[PDB]
Each structure stands twice: as structure tokens, then as C-alpha cells.
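S.K.: One file is attached below, start.txt, containing compact mmCIF, N, CA and C atoms.
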```
# COMPACT_ATOMS: atom_id res chain seq x y z
N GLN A 27 -0.15 -24.09 -7.24
CA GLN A 27 -0.25 -23.35 -8.53
C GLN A 27 0.95 -22.42 -8.71
N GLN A 28 1.35 -22.18 -9.94
CA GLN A 28 2.52 -21.28 -10.20
C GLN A 28 2.17 -20.25 -11.27
N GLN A 29 2.89 -19.15 -11.30
CA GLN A 29 2.61 -18.08 -12.32
C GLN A 29 3.67 -18.15 -13.44
N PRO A 30 3.25 -17.98 -14.69
CA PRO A 30 4.22 -18.04 -15.81
C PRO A 30 5.02 -16.74 -15.93
N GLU A 31 4.47 -15.72 -16.56
CA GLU A 31 5.21 -14.43 -16.71
C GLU A 31 4.48 -13.33 -15.94
N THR A 32 5.14 -12.72 -14.98
CA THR A 32 4.49 -11.64 -14.18
C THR A 32 5.56 -10.77 -13.52
N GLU A 33 5.27 -9.49 -13.33
CA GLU A 33 6.27 -8.59 -12.68
C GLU A 33 5.82 -8.21 -11.27
N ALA A 34 6.76 -8.05 -10.38
CA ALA A 34 6.46 -7.69 -8.97
C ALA A 34 6.94 -6.27 -8.60
N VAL A 35 6.03 -5.52 -8.01
CA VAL A 35 6.33 -4.15 -7.50
C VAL A 35 6.00 -4.18 -5.99
N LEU A 36 6.86 -3.67 -5.13
CA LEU A 36 6.59 -3.77 -3.65
C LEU A 36 6.59 -2.42 -2.87
N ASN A 37 5.50 -2.19 -2.16
CA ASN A 37 5.32 -1.01 -1.24
C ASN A 37 5.46 0.39 -1.86
N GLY A 38 5.38 0.56 -3.16
CA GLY A 38 5.48 1.94 -3.76
C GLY A 38 6.55 1.96 -4.84
N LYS A 39 7.74 1.50 -4.51
CA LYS A 39 8.83 1.43 -5.52
C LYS A 39 8.80 0.01 -6.02
N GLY A 40 8.49 -0.18 -7.28
CA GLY A 40 8.33 -1.57 -7.79
C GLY A 40 9.64 -2.27 -8.07
N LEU A 41 9.93 -3.27 -7.29
CA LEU A 41 11.13 -4.10 -7.52
C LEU A 41 10.71 -5.56 -7.66
N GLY A 42 10.89 -6.13 -8.82
CA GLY A 42 10.54 -7.56 -9.04
C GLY A 42 10.11 -7.78 -10.49
N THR A 43 10.81 -8.62 -11.21
CA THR A 43 10.42 -8.95 -12.61
C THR A 43 10.75 -10.42 -12.82
N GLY A 44 9.76 -11.29 -12.97
CA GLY A 44 10.09 -12.74 -13.14
C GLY A 44 8.87 -13.63 -12.97
N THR A 45 9.05 -14.68 -12.22
CA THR A 45 7.94 -15.67 -12.02
C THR A 45 7.55 -15.81 -10.55
N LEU A 46 6.28 -16.02 -10.29
CA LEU A 46 5.80 -16.21 -8.88
C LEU A 46 5.18 -17.60 -8.72
N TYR A 47 5.70 -18.39 -7.81
CA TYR A 47 5.09 -19.75 -7.55
C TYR A 47 4.48 -19.75 -6.15
N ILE A 48 3.20 -20.01 -6.05
CA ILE A 48 2.52 -20.01 -4.71
C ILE A 48 2.68 -21.38 -4.04
N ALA A 49 3.21 -21.39 -2.83
CA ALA A 49 3.38 -22.68 -2.09
C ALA A 49 2.47 -22.70 -0.86
N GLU A 50 1.82 -23.81 -0.62
CA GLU A 50 0.89 -23.91 0.57
C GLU A 50 1.60 -23.52 1.87
N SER A 51 2.89 -23.71 1.92
CA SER A 51 3.67 -23.36 3.16
C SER A 51 4.08 -21.89 3.13
N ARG A 52 4.27 -21.33 1.95
CA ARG A 52 4.68 -19.90 1.83
C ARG A 52 4.69 -19.48 0.36
N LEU A 53 5.06 -18.26 0.09
CA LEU A 53 5.10 -17.78 -1.33
C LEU A 53 6.55 -17.67 -1.80
N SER A 54 6.86 -18.25 -2.94
CA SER A 54 8.26 -18.20 -3.47
C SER A 54 8.29 -17.44 -4.80
N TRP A 55 9.11 -16.43 -4.88
CA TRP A 55 9.21 -15.61 -6.12
C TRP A 55 10.61 -15.69 -6.73
N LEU A 56 10.69 -15.68 -8.03
CA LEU A 56 12.03 -15.71 -8.69
C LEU A 56 12.31 -14.34 -9.30
N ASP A 57 13.45 -13.78 -8.95
CA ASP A 57 13.84 -12.45 -9.48
C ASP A 57 14.49 -12.56 -10.86
N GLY A 58 14.06 -11.70 -11.75
CA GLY A 58 14.56 -11.67 -13.15
C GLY A 58 16.09 -11.57 -13.24
N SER A 59 16.78 -11.20 -12.17
CA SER A 59 18.27 -11.09 -12.23
C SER A 59 18.95 -12.44 -11.96
N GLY A 60 18.20 -13.54 -12.00
CA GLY A 60 18.81 -14.88 -11.74
C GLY A 60 18.90 -15.14 -10.25
N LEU A 61 18.04 -14.52 -9.48
CA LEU A 61 18.07 -14.73 -8.00
C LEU A 61 16.68 -15.10 -7.51
N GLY A 62 16.55 -16.23 -6.89
CA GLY A 62 15.22 -16.67 -6.38
C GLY A 62 15.07 -16.29 -4.91
N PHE A 63 13.91 -15.79 -4.54
CA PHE A 63 13.67 -15.42 -3.11
C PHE A 63 12.19 -15.63 -2.75
N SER A 64 11.92 -16.08 -1.55
CA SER A 64 10.50 -16.34 -1.14
C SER A 64 10.11 -15.51 0.08
N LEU A 65 8.83 -15.24 0.23
CA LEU A 65 8.35 -14.44 1.39
C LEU A 65 7.35 -15.27 2.21
N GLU A 66 7.33 -15.07 3.51
CA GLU A 66 6.38 -15.84 4.38
C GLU A 66 4.95 -15.36 4.15
N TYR A 67 4.22 -16.01 3.27
CA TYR A 67 2.80 -15.62 2.96
C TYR A 67 2.74 -14.19 2.37
N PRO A 68 1.86 -13.97 1.40
CA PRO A 68 1.75 -12.61 0.79
C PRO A 68 1.07 -11.64 1.75
N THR A 69 1.38 -10.38 1.64
CA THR A 69 0.75 -9.35 2.53
C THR A 69 -0.64 -9.01 1.99
N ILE A 70 -1.57 -9.92 2.11
CA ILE A 70 -2.95 -9.69 1.59
C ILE A 70 -3.70 -8.71 2.50
N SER A 71 -3.82 -7.47 2.08
CA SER A 71 -4.56 -6.45 2.88
C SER A 71 -5.63 -5.81 1.99
N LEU A 72 -5.22 -4.97 1.07
CA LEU A 72 -6.20 -4.34 0.13
C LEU A 72 -5.86 -4.80 -1.29
N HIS A 73 -6.48 -5.88 -1.76
CA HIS A 73 -6.14 -6.41 -3.12
C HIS A 73 -7.22 -6.09 -4.16
N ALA A 74 -6.78 -5.57 -5.28
CA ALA A 74 -7.71 -5.21 -6.38
C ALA A 74 -7.57 -6.22 -7.53
N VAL A 75 -8.64 -6.88 -7.88
CA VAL A 75 -8.59 -7.89 -8.98
C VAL A 75 -9.73 -7.63 -9.98
N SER A 76 -9.53 -7.97 -11.23
CA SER A 76 -10.59 -7.75 -12.26
C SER A 76 -10.69 -8.96 -13.20
N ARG A 77 -11.26 -10.05 -12.72
CA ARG A 77 -11.39 -11.27 -13.59
C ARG A 77 -12.24 -10.94 -14.82
N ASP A 78 -13.28 -10.17 -14.64
CA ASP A 78 -14.16 -9.79 -15.79
C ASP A 78 -13.71 -8.45 -16.37
N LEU A 79 -13.42 -8.42 -17.65
CA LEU A 79 -12.97 -7.15 -18.30
C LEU A 79 -14.17 -6.34 -18.78
N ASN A 80 -14.21 -5.08 -18.43
CA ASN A 80 -15.35 -4.21 -18.85
C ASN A 80 -14.90 -2.74 -18.87
N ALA A 81 -14.35 -2.27 -17.78
CA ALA A 81 -13.88 -0.85 -17.71
C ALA A 81 -12.40 -0.78 -18.05
N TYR A 82 -11.67 -1.79 -17.66
CA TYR A 82 -10.20 -1.84 -17.93
C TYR A 82 -9.84 -3.14 -18.67
N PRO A 83 -9.54 -3.06 -19.96
CA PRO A 83 -9.18 -4.28 -20.72
C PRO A 83 -7.73 -4.70 -20.42
N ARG A 84 -7.43 -4.99 -19.18
CA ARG A 84 -6.04 -5.41 -18.81
C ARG A 84 -6.07 -6.29 -17.55
N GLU A 85 -5.07 -7.11 -17.38
CA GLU A 85 -5.00 -8.00 -16.17
C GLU A 85 -4.00 -7.42 -15.16
N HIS A 86 -4.33 -7.47 -13.89
CA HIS A 86 -3.40 -6.90 -12.85
C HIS A 86 -3.90 -7.21 -11.43
N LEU A 87 -3.03 -7.70 -10.57
CA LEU A 87 -3.44 -7.99 -9.16
C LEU A 87 -2.73 -6.98 -8.26
N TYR A 88 -3.41 -5.94 -7.87
CA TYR A 88 -2.77 -4.89 -7.02
C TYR A 88 -3.08 -5.11 -5.55
N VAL A 89 -2.09 -5.30 -4.67
CA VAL A 89 -2.47 -5.45 -3.21
C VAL A 89 -1.67 -4.50 -2.32
N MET A 90 -2.37 -3.66 -1.60
CA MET A 90 -1.70 -2.64 -0.74
C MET A 90 -1.92 -2.91 0.74
N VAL A 91 -0.86 -2.86 1.52
CA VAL A 91 -0.99 -3.12 2.99
C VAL A 91 -0.40 -1.95 3.79
N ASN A 92 -1.00 -1.65 4.92
CA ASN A 92 -0.50 -0.53 5.78
C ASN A 92 0.52 -1.07 6.79
N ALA A 93 1.72 -0.53 6.77
CA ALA A 93 2.78 -1.00 7.72
C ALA A 93 3.05 0.08 8.77
N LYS A 94 3.27 -0.33 10.00
CA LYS A 94 3.54 0.65 11.09
C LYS A 94 5.01 0.56 11.52
N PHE A 95 5.67 1.69 11.66
CA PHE A 95 7.11 1.68 12.08
C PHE A 95 7.23 2.08 13.55
N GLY A 96 8.18 1.49 14.24
CA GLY A 96 8.37 1.82 15.69
C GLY A 96 9.44 0.90 16.28
N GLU A 97 9.10 0.15 17.30
CA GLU A 97 10.08 -0.79 17.95
C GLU A 97 11.34 -0.04 18.42
N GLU A 98 12.32 0.14 17.56
CA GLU A 98 13.56 0.87 17.97
C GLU A 98 13.76 2.11 17.09
N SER A 99 14.23 3.19 17.68
CA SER A 99 14.45 4.45 16.90
C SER A 99 15.74 5.14 17.35
N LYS A 100 16.47 5.70 16.43
CA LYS A 100 17.75 6.40 16.79
C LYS A 100 17.83 7.77 16.11
N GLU A 101 17.43 7.86 14.86
CA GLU A 101 17.48 9.17 14.13
C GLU A 101 16.34 10.08 14.61
N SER A 102 15.21 9.51 14.94
CA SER A 102 14.05 10.32 15.41
C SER A 102 13.69 9.95 16.86
N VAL A 103 13.10 10.86 17.58
CA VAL A 103 12.72 10.59 19.00
C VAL A 103 11.24 10.19 19.07
N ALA A 104 10.90 9.28 19.96
CA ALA A 104 9.47 8.84 20.09
C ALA A 104 8.58 10.03 20.45
N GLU A 105 7.46 10.17 19.78
CA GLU A 105 6.53 11.30 20.06
C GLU A 105 5.18 11.05 19.38
N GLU A 106 4.15 11.73 19.83
CA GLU A 106 2.79 11.55 19.23
C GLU A 106 2.54 12.60 18.14
N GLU A 107 3.59 13.15 17.56
CA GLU A 107 3.42 14.18 16.49
C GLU A 107 4.26 13.82 15.26
N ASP A 108 3.73 14.04 14.08
CA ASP A 108 4.48 13.72 12.83
C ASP A 108 4.29 14.84 11.79
N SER A 109 4.66 16.04 12.14
CA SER A 109 4.51 17.19 11.19
C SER A 109 5.34 16.96 9.93
N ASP A 110 6.43 16.23 10.05
CA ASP A 110 7.30 15.95 8.86
C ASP A 110 7.54 14.45 8.71
N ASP A 111 6.71 13.78 7.94
CA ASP A 111 6.89 12.31 7.74
C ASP A 111 7.66 12.04 6.45
N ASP A 112 8.91 11.67 6.56
CA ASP A 112 9.74 11.39 5.34
C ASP A 112 9.39 10.01 4.77
N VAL A 113 8.96 9.10 5.61
CA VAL A 113 8.60 7.73 5.14
C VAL A 113 7.07 7.58 5.09
N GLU A 114 6.57 6.92 4.08
CA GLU A 114 5.09 6.73 3.95
C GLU A 114 4.61 5.68 4.98
N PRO A 115 3.48 5.94 5.64
CA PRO A 115 2.97 4.97 6.64
C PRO A 115 2.40 3.72 5.95
N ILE A 116 1.96 3.85 4.72
CA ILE A 116 1.38 2.68 3.99
C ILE A 116 2.31 2.26 2.84
N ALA A 117 2.45 0.97 2.65
CA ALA A 117 3.30 0.46 1.54
C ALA A 117 2.39 -0.17 0.49
N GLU A 118 2.48 0.27 -0.75
CA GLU A 118 1.59 -0.32 -1.81
C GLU A 118 2.37 -1.37 -2.61
N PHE A 119 1.87 -2.57 -2.63
CA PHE A 119 2.54 -3.67 -3.37
C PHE A 119 1.69 -3.98 -4.61
N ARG A 120 2.30 -3.98 -5.78
CA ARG A 120 1.52 -4.26 -7.03
C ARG A 120 2.12 -5.49 -7.69
N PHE A 121 1.34 -6.53 -7.87
CA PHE A 121 1.86 -7.75 -8.54
C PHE A 121 1.00 -7.94 -9.76
N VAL A 122 1.58 -7.72 -10.91
CA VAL A 122 0.78 -7.74 -12.15
C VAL A 122 1.28 -8.79 -13.17
N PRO A 123 0.44 -9.75 -13.52
CA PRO A 123 0.86 -10.80 -14.48
C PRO A 123 0.58 -10.37 -15.92
N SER A 124 1.45 -10.74 -16.83
CA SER A 124 1.25 -10.38 -18.27
C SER A 124 0.60 -11.56 -19.02
N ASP A 125 -0.14 -12.39 -18.32
CA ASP A 125 -0.80 -13.56 -18.97
C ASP A 125 -2.23 -13.72 -18.46
N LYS A 126 -3.20 -13.67 -19.35
CA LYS A 126 -4.64 -13.82 -18.92
C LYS A 126 -4.81 -15.13 -18.14
N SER A 127 -4.07 -16.14 -18.53
CA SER A 127 -4.12 -17.44 -17.82
C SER A 127 -3.48 -17.27 -16.44
N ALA A 128 -2.51 -16.38 -16.33
CA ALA A 128 -1.85 -16.15 -15.00
C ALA A 128 -2.79 -15.36 -14.09
N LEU A 129 -3.56 -14.46 -14.67
CA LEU A 129 -4.51 -13.65 -13.85
C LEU A 129 -5.64 -14.53 -13.31
N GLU A 130 -6.21 -15.37 -14.16
CA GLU A 130 -7.32 -16.26 -13.70
C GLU A 130 -6.79 -17.29 -12.69
N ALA A 131 -5.59 -17.78 -12.90
CA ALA A 131 -5.00 -18.77 -11.95
C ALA A 131 -4.71 -18.10 -10.60
N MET A 132 -4.26 -16.87 -10.63
CA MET A 132 -3.97 -16.13 -9.36
C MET A 132 -5.28 -15.84 -8.63
N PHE A 133 -6.32 -15.53 -9.37
CA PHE A 133 -7.64 -15.24 -8.73
C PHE A 133 -8.19 -16.50 -8.10
N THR A 134 -7.99 -17.62 -8.75
CA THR A 134 -8.45 -18.91 -8.16
C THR A 134 -7.60 -19.18 -6.92
N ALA A 135 -6.34 -18.78 -6.96
CA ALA A 135 -5.45 -18.98 -5.77
C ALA A 135 -5.89 -18.06 -4.63
N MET A 136 -6.14 -16.81 -4.94
CA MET A 136 -6.59 -15.84 -3.89
C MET A 136 -8.02 -16.15 -3.47
N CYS A 137 -8.89 -16.35 -4.43
CA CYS A 137 -10.32 -16.67 -4.11
C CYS A 137 -10.41 -17.95 -3.28
N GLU A 138 -9.67 -18.97 -3.67
CA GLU A 138 -9.70 -20.26 -2.91
C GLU A 138 -9.06 -20.08 -1.54
N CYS A 139 -8.03 -19.29 -1.49
CA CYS A 139 -7.32 -19.03 -0.19
C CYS A 139 -8.20 -18.17 0.73
N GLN A 140 -8.88 -17.20 0.16
CA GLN A 140 -9.76 -16.31 0.99
C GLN A 140 -10.96 -17.10 1.50
N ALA A 141 -11.48 -18.00 0.69
CA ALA A 141 -12.66 -18.81 1.11
C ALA A 141 -12.25 -19.82 2.18
N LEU A 142 -11.11 -20.45 2.01
CA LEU A 142 -10.64 -21.46 3.02
C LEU A 142 -10.22 -20.76 4.31
```
For the file at hand, write its structure as C-alpha cells.

M.R.:
Amino acid sequence: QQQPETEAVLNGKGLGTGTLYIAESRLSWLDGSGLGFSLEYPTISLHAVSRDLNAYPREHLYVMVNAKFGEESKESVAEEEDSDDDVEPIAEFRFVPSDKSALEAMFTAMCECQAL
């Protein structure tokens, strides 16, 4: 399945405006600046969907995932204290389609993927 018109926002600062095509092997997105790029499976963690309109008359697929930083560090020293966190521990990704047909198709993609 593929998405017609939809914009992509990733981890808090929204970067992405174009089309999203879901591939069984991975997810491929096209950037509105004439640049196509794909990601290894979507970060499905906390996704908000509203197939039925009642409280919010709008379509939008919001999915937020918590990311942990560590592995290698040079500017900061390893420690169990974070009194001053300059970077957010959670990244919120918002993928919102501007087509009711794109919202229902994405829900069938997520609903079918979550069930399988």
C-alpha cells in the first residue's frame, strides 16, 4: 500500500513533506525537496489514530517512541545523574496524511501489521 499526500514530522522537530509508500521489506518515504529516502521499519511505539471522527474532525497518525542515548560519549561524562538534560529522552514522530483515503489506508496498514 502507498500514501498519496501526507507530511512527515520526526522526534519533535517535524522534517518531512511528501509521499509515504509502505514496503513489506521496509518503509520508503519521498521528501518534498526531490529526495527519496527509506527507513528500516517505522518506529511503532505510541501511535494515536482516529478512524472514526467524533471529538476531532481531522485525520492524523501520531506515533511517539522513547529513544535512549549512550554507547559512546565525549562532551559529557558517564554518570547516574541528569540535573541538566539538554536533549529530550523521548522523540515524538508525527506522520499526518491530508487525505481521508490516506488515513483509512494507513490504519488498514497499521491494523493489519499489528494483527499479523

S.K.: Might you pull out every residue within 6.5 Å of stretch 113-127 of chain A, with all atoms listed in the file counted and same-chain residues fewer than 5 positions away left off, and present them as a PDB file with N, CA and C atoms, keeping the file's coordinate frame?

M.R.:
```
ATOM      1  N   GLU A  31       4.470 -15.720 -16.560  1.00  0.00           N
ATOM      2  CA  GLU A  31       5.210 -14.430 -16.710  1.00  0.00           C
ATOM      3  C   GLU A  31       4.480 -13.330 -15.940  1.00  0.00           C
ATOM      4  N   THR A  32       5.140 -12.720 -14.980  1.00  0.00           N
ATOM      5  CA  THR A  32       4.490 -11.640 -14.180  1.00  0.00           C
ATOM      6  C   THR A  32       5.560 -10.770 -13.520  1.00  0.00           C
ATOM      7  N   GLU A  33       5.270  -9.490 -13.330  1.00  0.00           N
ATOM      8  CA  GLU A  33       6.270  -8.590 -12.680  1.00  0.00           C
ATOM      9  C   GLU A  33       5.820  -8.210 -11.270  1.00  0.00           C
ATOM     10  N   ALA A  34       6.760  -8.050 -10.380  1.00  0.00           N
ATOM     11  CA  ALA A  34       6.460  -7.690  -8.970  1.00  0.00           C
ATOM     12  C   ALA A  34       6.940  -6.270  -8.600  1.00  0.00           C
ATOM     13  N   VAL A  35       6.030  -5.520  -8.010  1.00  0.00           N
ATOM     14  CA  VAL A  35       6.330  -4.150  -7.500  1.00  0.00           C
ATOM     15  C   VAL A  35       6.000  -4.180  -5.990  1.00  0.00           C
ATOM     16  N   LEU A  36       6.860  -3.670  -5.130  1.00  0.00           N
ATOM     17  CA  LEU A  36       6.590  -3.770  -3.650  1.00  0.00           C
ATOM     18  C   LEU A  36       6.590  -2.420  -2.870  1.00  0.00           C
ATOM     19  N   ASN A  37       5.500  -2.190  -2.160  1.00  0.00           N
ATOM     20  CA  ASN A  37       5.320  -1.010  -1.240  1.00  0.00           C
ATOM     21  C   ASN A  37       5.460   0.390  -1.860  1.00  0.00           C
ATOM     22  N   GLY A  38       5.380   0.560  -3.160  1.00  0.00           N
ATOM     23  CA  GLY A  38       5.480   1.940  -3.760  1.00  0.00           C
ATOM     24  C   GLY A  38       6.550   1.960  -4.840  1.00  0.00           C
ATOM     25  N   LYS A  39       7.740   1.500  -4.510  1.00  0.00           N
ATOM     26  CA  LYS A  39       8.830   1.430  -5.520  1.00  0.00           C
ATOM     27  C   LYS A  39       8.800   0.010  -6.020  1.00  0.00           C
ATOM     28  N   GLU A  85      -5.070  -7.110 -17.380  1.00  0.00           N
ATOM     29  CA  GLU A  85      -5.000  -8.000 -16.170  1.00  0.00           C
ATOM     30  C   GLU A  85      -4.000  -7.420 -15.160  1.00  0.00           C
ATOM     31  N   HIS A  86      -4.330  -7.470 -13.890  1.00  0.00           N
ATOM     32  CA  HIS A  86      -3.400  -6.900 -12.850  1.00  0.00           C
ATOM     33  C   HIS A  86      -3.900  -7.210 -11.430  1.00  0.00           C
ATOM     34  N   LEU A  87      -3.030  -7.700 -10.570  1.00  0.00           N
ATOM     35  CA  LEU A  87      -3.440  -7.990  -9.160  1.00  0.00           C
ATOM     36  C   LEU A  87      -2.730  -6.980  -8.260  1.00  0.00           C
ATOM     37  N   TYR A  88      -3.410  -5.940  -7.870  1.00  0.00           N
ATOM     38  CA  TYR A  88      -2.770  -4.890  -7.020  1.00  0.00           C
ATOM     39  C   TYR A  88      -3.080  -5.110  -5.550  1.00  0.00           C
ATOM     40  N   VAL A  89      -2.090  -5.300  -4.670  1.00  0.00           N
ATOM     41  CA  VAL A  89      -2.470  -5.450  -3.210  1.00  0.00           C
ATOM     42  C   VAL A  89      -1.670  -4.500  -2.320  1.00  0.00           C
ATOM     43  N   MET A  90      -2.370  -3.660  -1.600  1.00  0.00           N
ATOM     44  CA  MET A  90      -1.700  -2.640  -0.740  1.00  0.00           C
ATOM     45  C   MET A  90      -1.920  -2.910   0.740  1.00  0.00           C
ATOM     46  N   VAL A  91      -0.860  -2.860   1.520  1.00  0.00           N
ATOM     47  CA  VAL A  91      -0.990  -3.120   2.990  1.00  0.00           C
ATOM     48  C   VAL A  91      -0.400  -1.950   3.790  1.00  0.00           C
ATOM     49  N   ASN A  92      -1.000  -1.650   4.920  1.00  0.00           N
ATOM     50  CA  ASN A  92      -0.500  -0.530   5.780  1.00  0.00           C
ATOM     51  C   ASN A  92       0.520  -1.070   6.790  1.00  0.00           C
ATOM     52  N   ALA A  93       1.720  -0.530   6.770  1.00  0.00           N
ATOM     53  CA  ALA A  93       2.780  -1.000   7.720  1.00  0.00           C
ATOM     54  C   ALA A  93       3.050   0.080   8.770  1.00  0.00           C
ATOM     55  N   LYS A  94       3.270  -0.330  10.000  1.00  0.00           N
ATOM     56  CA  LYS A  94       3.540   0.650  11.090  1.00  0.00           C
ATOM     57  C   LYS A  94       5.010   0.560  11.520  1.00  0.00           C
ATOM     58  N   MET A 132      -4.260 -16.870 -10.630  1.00  0.00           N
ATOM     59  CA  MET A 132      -3.970 -16.130  -9.360  1.00  0.00           C
ATOM     60  C   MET A 132      -5.280 -15.840  -8.630  1.00  0.00           C
TER      61      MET A 132
END
```

S.K.: Quick one: DSSP strand (DSSP E) residues in stretch 36-131 of chain A, as number ranges by chain?

M.R.: A: 43-49, 52-57, 61-65, 72-74, 87-92, 116-123

S.K.: Please, could you write that set of residues out with N, CA and C atoms as a compact mmCIF listing (two decimals), keeping the file's coordinate frame?

M.R.:
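Final file, result-v7.txt:
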```txt
# COMPACT_ATOMS: atom_id res chain seq x y z
N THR A 43 10.81 -8.62 -11.21
CA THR A 43 10.42 -8.95 -12.61
C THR A 43 10.75 -10.42 -12.82
N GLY A 44 9.76 -11.29 -12.97
CA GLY A 44 10.09 -12.74 -13.14
C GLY A 44 8.87 -13.63 -12.97
N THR A 45 9.05 -14.68 -12.22
CA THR A 45 7.94 -15.67 -12.02
C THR A 45 7.55 -15.81 -10.55
N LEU A 46 6.28 -16.02 -10.29
CA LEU A 46 5.80 -16.21 -8.88
C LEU A 46 5.18 -17.60 -8.72
N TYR A 47 5.70 -18.39 -7.81
CA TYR A 47 5.09 -19.75 -7.55
C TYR A 47 4.48 -19.75 -6.15
N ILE A 48 3.20 -20.01 -6.05
CA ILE A 48 2.52 -20.01 -4.71
C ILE A 48 2.68 -21.38 -4.04
N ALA A 49 3.21 -21.39 -2.83
CA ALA A 49 3.38 -22.68 -2.09
C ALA A 49 2.47 -22.70 -0.86
N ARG A 52 4.27 -21.33 1.95
CA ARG A 52 4.68 -19.90 1.83
C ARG A 52 4.69 -19.48 0.36
N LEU A 53 5.06 -18.26 0.09
CA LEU A 53 5.10 -17.78 -1.33
C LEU A 53 6.55 -17.67 -1.80
N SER A 54 6.86 -18.25 -2.94
CA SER A 54 8.26 -18.20 -3.47
C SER A 54 8.29 -17.44 -4.80
N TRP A 55 9.11 -16.43 -4.88
CA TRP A 55 9.21 -15.61 -6.12
C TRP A 55 10.61 -15.69 -6.73
N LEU A 56 10.69 -15.68 -8.03
CA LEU A 56 12.03 -15.71 -8.69
C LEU A 56 12.31 -14.34 -9.30
N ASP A 57 13.45 -13.78 -8.95
CA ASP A 57 13.84 -12.45 -9.48
C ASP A 57 14.49 -12.56 -10.86
N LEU A 61 18.04 -14.52 -9.48
CA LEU A 61 18.07 -14.73 -8.00
C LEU A 61 16.68 -15.10 -7.51
N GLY A 62 16.55 -16.23 -6.89
CA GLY A 62 15.22 -16.67 -6.38
C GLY A 62 15.07 -16.29 -4.91
N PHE A 63 13.91 -15.79 -4.54
CA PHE A 63 13.67 -15.42 -3.11
C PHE A 63 12.19 -15.63 -2.75
N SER A 64 11.92 -16.08 -1.55
CA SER A 64 10.50 -16.34 -1.14
C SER A 64 10.11 -15.51 0.08
N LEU A 65 8.83 -15.24 0.23
CA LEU A 65 8.35 -14.44 1.39
C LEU A 65 7.35 -15.27 2.21
N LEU A 72 -5.22 -4.97 1.07
CA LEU A 72 -6.20 -4.34 0.13
C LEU A 72 -5.86 -4.80 -1.29
N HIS A 73 -6.48 -5.88 -1.76
CA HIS A 73 -6.14 -6.41 -3.12
C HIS A 73 -7.22 -6.09 -4.16
N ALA A 74 -6.78 -5.57 -5.28
CA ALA A 74 -7.71 -5.21 -6.38
C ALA A 74 -7.57 -6.22 -7.53
N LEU A 87 -3.03 -7.70 -10.57
CA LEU A 87 -3.44 -7.99 -9.16
C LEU A 87 -2.73 -6.98 -8.26
N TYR A 88 -3.41 -5.94 -7.87
CA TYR A 88 -2.77 -4.89 -7.02
C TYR A 88 -3.08 -5.11 -5.55
N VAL A 89 -2.09 -5.30 -4.67
CA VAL A 89 -2.47 -5.45 -3.21
C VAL A 89 -1.67 -4.50 -2.32
N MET A 90 -2.37 -3.66 -1.60
CA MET A 90 -1.70 -2.64 -0.74
C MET A 90 -1.92 -2.91 0.74
N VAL A 91 -0.86 -2.86 1.52
CA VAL A 91 -0.99 -3.12 2.99
C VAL A 91 -0.40 -1.95 3.79
N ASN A 92 -1.00 -1.65 4.92
CA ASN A 92 -0.50 -0.53 5.78
C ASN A 92 0.52 -1.07 6.79
N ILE A 116 1.96 3.85 4.72
CA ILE A 116 1.38 2.68 3.99
C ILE A 116 2.31 2.26 2.84
N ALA A 117 2.45 0.97 2.65
CA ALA A 117 3.30 0.46 1.54
C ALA A 117 2.39 -0.17 0.49
N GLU A 118 2.48 0.27 -0.75
CA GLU A 118 1.59 -0.32 -1.81
C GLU A 118 2.37 -1.37 -2.61
N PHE A 119 1.87 -2.57 -2.63
CA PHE A 119 2.54 -3.67 -3.37
C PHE A 119 1.69 -3.98 -4.61
N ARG A 120 2.30 -3.98 -5.78
CA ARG A 120 1.52 -4.26 -7.03
C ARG A 120 2.12 -5.49 -7.69
N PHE A 121 1.34 -6.53 -7.87
CA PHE A 121 1.86 -7.75 -8.54
C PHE A 121 1.00 -7.94 -9.76
N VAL A 122 1.58 -7.72 -10.91
CA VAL A 122 0.78 -7.74 -12.15
C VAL A 122 1.28 -8.79 -13.17
N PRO A 123 0.44 -9.75 -13.52
CA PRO A 123 0.86 -10.80 -14.48
C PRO A 123 0.58 -10.37 -15.92
```

S.K.: Between atom N of residue A:68 and atom N of residue A:53, what distance in Å does the model show, to one decimal?

M.R.: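 Between atom N of residue A:68 and atom N of residue A:53 the gap is 5.5 Å.
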
S.K.: If I take atom C of residue A:55 and atom C of residue A:140, how far is one from the other in Å, to one decimal?

M.R.: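 Separating atom C of residue A:55 from atom C of residue A:140 is a distance of 23.1 Å.
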
S.K.: Write down as a PyMOL selection string the residues belonging to chain A that are assigned alpha helix (DSSP H) by DSSP computed on the backbone.

M.R.: chain A and resi 126-141
